[PDB]
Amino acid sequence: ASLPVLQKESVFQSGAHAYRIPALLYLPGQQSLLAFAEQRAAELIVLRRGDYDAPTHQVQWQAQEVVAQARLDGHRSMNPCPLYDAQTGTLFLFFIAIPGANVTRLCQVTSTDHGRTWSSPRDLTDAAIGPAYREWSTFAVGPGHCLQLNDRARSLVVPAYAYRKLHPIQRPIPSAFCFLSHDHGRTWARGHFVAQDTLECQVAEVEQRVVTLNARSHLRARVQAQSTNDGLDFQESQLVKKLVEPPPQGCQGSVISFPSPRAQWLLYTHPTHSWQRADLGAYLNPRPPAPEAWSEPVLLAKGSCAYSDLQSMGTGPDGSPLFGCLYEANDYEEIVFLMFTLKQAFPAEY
């Protein structure tokens, strides 16, 4: 059986449309979650707001809505990557836009009323990427939640990857990297690539500040890399044999930091079958980012499970760290919300 959890609810399902590519964002101070996804016939991005009530151990989700401004004319919108700027009280949604040779665009919308309304999009593509743009076939952000650092500038870090046209007889090769802003998203720089054949990724900060990057790969195991200079360079990287990737070219997964009961630990979710996208597991790194220290997975959901996104939700009703998880289930017929505590998942680590 799978781990007892506080809540398991389908929050998007196939209907008139298909739902994929989840992203989850906790809003501290609001006891609220935003759950985003692509609404495909890709076309648009939709959002549901959930209010978390601890005494009933549950989130009540409001009605789904299109993020009408997260779009460019004649383009499909993909890869919702949200971020909450603690310093401003501003909500960011990053996304890519592709027309209905590199033609992919990086976009941002912004909200100051917690996601109820949104600015008109800004196209960041030229200023963020620059001459490199023509050396890529395409690129993406996230998908999923991004990162704010507690450096002086409270920098914004958007995980990403680009397919680089490195040798003309070879097909393009993907490498992960981060977009970086030090002025609250007014300007953007491209950090340096991690390593050949890394795809979708996410980043988390631990403590010496370290940004840990966890990425999908072509191999049978995850790639993880670490930056000591806040995402500009992931000076080191390697395979993480304890973290399996299934055929043919892996699956996206999510990583967050959260405060250590004993200053942070990591939590990571991803399908656990080496053979297929099934059996969503949670894994713990209590000595991060050491790759050796990743635990054995504990089972969060049986059956078909694919992309996920995690959020730290503060303290849970049993007093241990509370987590939210949004994941694609059941051969992509739904996106399910799961809520559970550290005590429930890793009782031996408490």
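Start at 1 with the first residue shown and count on from there. Between two forms, the rigid core is defined as the largest C-alpha subset superposing within 1.5 Å.
On a core superposition, give the stretch, 46-54 or 321-329, with the larger average C-alpha separation from this form in 8 other deposited structures of this protein (RMS over structures and residues).
Between 46-54 and 321-329, the one lying farther away in 8 other deposited structures of this protein is 46-54.
Consider 169-177 and 214-222 separately and indicate which one has Cα atoms farther, on average, from the shown form in 8 other deposited structures of this protein after rigid core alignment.
Between the two stretches, 169-177 moves farther in 8 other deposited structures of this protein.
What number of deposited residues lacks coordinates in the span between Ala68 and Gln69: none, 1 to 3, 4 to 9, or 10 or more?
None; the chain is continuous from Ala68 to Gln69.
Between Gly74 and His75, count the deposited residues left without coordinates and pick a bin: none, 1 to 3, 4 to 9, 10 or more.
Per the record, no deposited residues are absent between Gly74 and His75.
Given the B-factors recorded for C-alpha atoms, which segment has the greater mean, 178-186 or 87-95?
Per the deposited B-factors, the answer is 87-95.
Output the stretch having the higher mean C-alpha B factor in the entry; the candidates are 320-328 and 52-60.
Higher mean C-alpha B-factor: 52-60.
Looking at the C-alpha B-factor values in the deposited entry, which of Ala41, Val46, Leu33, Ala282 comes out highest?
Most elevated C-alpha B-factor of the set, per the entry: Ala41.
Can you tell me which of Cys146, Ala153, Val141, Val109 has the maximum CA B-factor listed in the PDB entry?
Reading the PDB entry, the winner on C-alpha B-factor is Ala153.
Taking only the Cα B-factors deposited for this chain, tell me whether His192 sits in the lowest, middle or highest third.
Middle third.
Would you mind checking where the Cα B-factor of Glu296 ranks among the modelled residues of its chain, as the lowest, middle or highest third?
CA B-factor rank for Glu296: middle third.
Taking the entry's C-alpha B-factors for this chain, is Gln276 in the lowest, middle or highest third?
For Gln276, the deposited C-alpha B-factor lands in the highest third.
With respect to C-alpha B-factor, does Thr198 fall in the lowest, middle or highest third of the chain as deposited?
Middle third of the chain for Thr198's C-alpha B-factor.
In terms of the CA temperature factor given in the entry, to which third of its chain does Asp233 belong: lowest, middle or highest?
As the PDB entry reports it, the C-alpha B-factor of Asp233 lands in the highest third of its chain.
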